[PDB]
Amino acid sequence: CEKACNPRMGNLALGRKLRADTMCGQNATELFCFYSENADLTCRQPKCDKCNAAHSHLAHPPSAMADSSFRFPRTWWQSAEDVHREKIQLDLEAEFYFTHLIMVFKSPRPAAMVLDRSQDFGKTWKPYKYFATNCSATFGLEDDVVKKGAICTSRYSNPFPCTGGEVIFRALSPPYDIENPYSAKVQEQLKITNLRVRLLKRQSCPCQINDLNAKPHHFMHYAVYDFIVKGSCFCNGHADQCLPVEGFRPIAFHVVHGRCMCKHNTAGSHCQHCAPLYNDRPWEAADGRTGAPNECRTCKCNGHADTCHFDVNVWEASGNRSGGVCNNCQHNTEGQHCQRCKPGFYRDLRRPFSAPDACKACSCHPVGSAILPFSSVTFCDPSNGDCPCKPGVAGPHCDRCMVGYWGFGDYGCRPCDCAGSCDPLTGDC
């Protein structure tokens, strides 16, 4: 995934549970009929059949909308008899991009219905598009067939055709197809966790029943062949392939998954984060317009840290060039970039600094080593490991009397008046 990228588009309906308030034949078996019209608007002979939820070959559950839209016999969900207020809802186990919807009614399309989304797993909902035979009379909204931008539409509400009639909504409206698809403005429109259809009123086939040997009956019910929800895994443009989301058990389908295989040194379920060691500059979504990747930059830690965090104060201090700060410096290092050895250690020039043994422990003798005020312990020079010795004490470790001194002790070494080479133990010449 070199440049800005995106996973494959697909029907989010597949593999997931579509829910509906009701379905025909909930209790016992039920006779049901369908009525459509021909060119002369005369009612056709109604195909009738039995419905029963307990049996697969008679049931019409909501899941019949999420199945393949091209199988041997067409399948459809069918609500209980005599119901107007109905709701179809699709809950997603993660955040996905929703681009455009296609419903396909077997019965006549509803005289009124609305579509909306939840961006926060069902806590809140916000409209997408209203549908009615008259937007002004039903919802007090303008019709987009005239207003060219309205939120309501009668384009998909005509009783004819009484069967196979489709309802459609496209999130990628003229304003949203241009510009960067990952911008804040577009995410507001595309990103969703749920998708809900609320049917408000049924619609009877207004065809002429002249050729009918019997009056219409057992038809007051909703019916939908397919609930095609085109969309894709959301990854902020830092991925082109997704795996299953943790804890998700799907139900002959081509399922769309949500867990992003993140690229561009990003991380998180949707690449919203930077990789743990790549917080040197602020995260940013890939630019679909520009095609720019906007990939996370690594922190400099000299190989003494595997994690780091951004810092706006350090960021501005560098001149907006770098702001990473290494977390939990390993190998006895200390710096912001783990670039120095801690006190009580020093640079081992024999080794490279990136090496684990870059810093070597100090061997300052506790008694022979002098201590500075406002400190209770001696630490060696980090550059060469030389400890500051008390008077008369010598060496890099201050662990023995200087030449010409004796009586190693907590106050250094006494000068031997030989003078003359000393025996450091007794002071004899």
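Residue indices: 1-based, along the sequence shown.
Coordinates are absent for 4 to 9 residues of the deposited sequence placed between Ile251 and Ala252. Higher average CA B factor: 170-178, of the stretches 170-178 and 266-274. Comparing 282-290 with 297-305, the higher mean C-alpha B-factor in the PDB entry belongs to 282-290. Comparing the C-alpha B-factors of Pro110, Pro161, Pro244, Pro73 in the entry, the top value falls on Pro73. By the numbers in the PDB entry, the CA B factor is greatest at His217 among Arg196, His221, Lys191, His217. Among the modelled residues of its chain, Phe96 has a C-alpha B-factor that falls in the lowest third, as given in the PDB entry. For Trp315, the recorded CA B-factor ranks within the middle third of the chain. Only modelled residues enter the ranking. Annotation for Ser68: CA B-factor lies in the highest third of the chain's modelled residues.
In this PDB entry, the Cα temperature factor of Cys207 sits in the top third of its chain's modelled residues, the highest group. In the PDB entry, a CA B factor belonging to the highest third of its chain's modelled residues is recorded for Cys24.
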